[PDB]
């Protein structure tokens, strides 16, 4: 279950407690300078809530870069402590390690109600469970090593707040080994769980999945899992040409073709029929004579097909008109994939109309969730993030969740 997890807002006893908070501070750092502070800014509602509620100590644990289980100062979290301090308007204590008596002494000696950032968790092979030493030899933590490290992290505080949904798909020590009585989601994790639970667990129906992207192969697990949940599914973008070729022997010219994924198309269609799911593939396409925004273009239907040396780059006008009834009649929408080469403005029309229809359905009461990177990029480029119910920032964890995979960091939270 996703929606029955204890959240930071449910936690009554915070005043005077040492609160351990797992955060996502995996930010790009160039010569000690943080190039993108968004992940740090995103944690401010969690930190402020714990400050306002009077926690004795706010102890932040995280990782960044690729230390691979040994201390590698290239991936030190020291600059993050400086940046966070500036954003909070107070000094953030930075510690050289994340476990041990010295760390415990420094935390206890620190000013009441203050924020402490401990060193990169992944400097310890026990965080990921395996790594590579400096020489390049594979290293592995034994069961006992793992248990010791997790007991050392548990000893840091009294209450655990997991605000790193982006790592919750990993069975890592800070995700599954912090055995405090209260283990609750932070504000970021809380919103991720609340909206994915709304979408996948007893949703307001019809439930629609809008899938898109270049290939079929990397989306097989996602499609098959969503066919167990949804009422309707739009399949678009570059992956649609493989479907058109297999199902209708449509000529696709030089359009993308997924050789390995083509072998699975019938299984997917057979599963949608078995699950009583309505599939909506495009029936026309905007075709180009070159892979370029300034190519000569025209619209071709799925009956005409695509001539040799031409390529389909976006859904056609009839396909776009077909989105209206499908999207506007849906009460829950999970969108994971643009419907064309949106990076090229002339091939963005299908994805933009899809976005406008999703916004309209949301305004009328539908719950809209945007899953991954490219769709999130389109929403950001169009400046419409405030018009979608939830735009996930979970990256790999969001994709695993939608594929129906177990999220060990979510499983490890306390129940409500």
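Positions refer to the first chain, counted from 1.
With 89-97 and 181-189 compared on mean CA B-factor from the PDB entry, the stretch scoring higher is 89-97.
In this entry, 138-146 has the higher mean Cα B-factor, the comparison being between 138-146 and 207-215. When the C-alpha B factors of 173, 76, 301, 319 are read from the deposited coordinates, the top value falls at 76.
Across the options 244, 169, 286, 71, the residue with the most elevated CA B-factor in the record is 71. Sort the modelled residues of the chain by CA B factor and residue 410 lands in the lowest third. When the modelled residues of the chain are ordered by C-alpha B-factor, residue 253 sits in the middle third. Annotation for residue 106: CA B-factor lies in the highest third of the chain's modelled residues. In the deposited entry, the Cα temperature factor of residue 350 sits in the bottom third of values across the chain's modelled residues. When all modelled residues of the chain are sorted by CA temperature factor, residue 238 is found within the lowest third.
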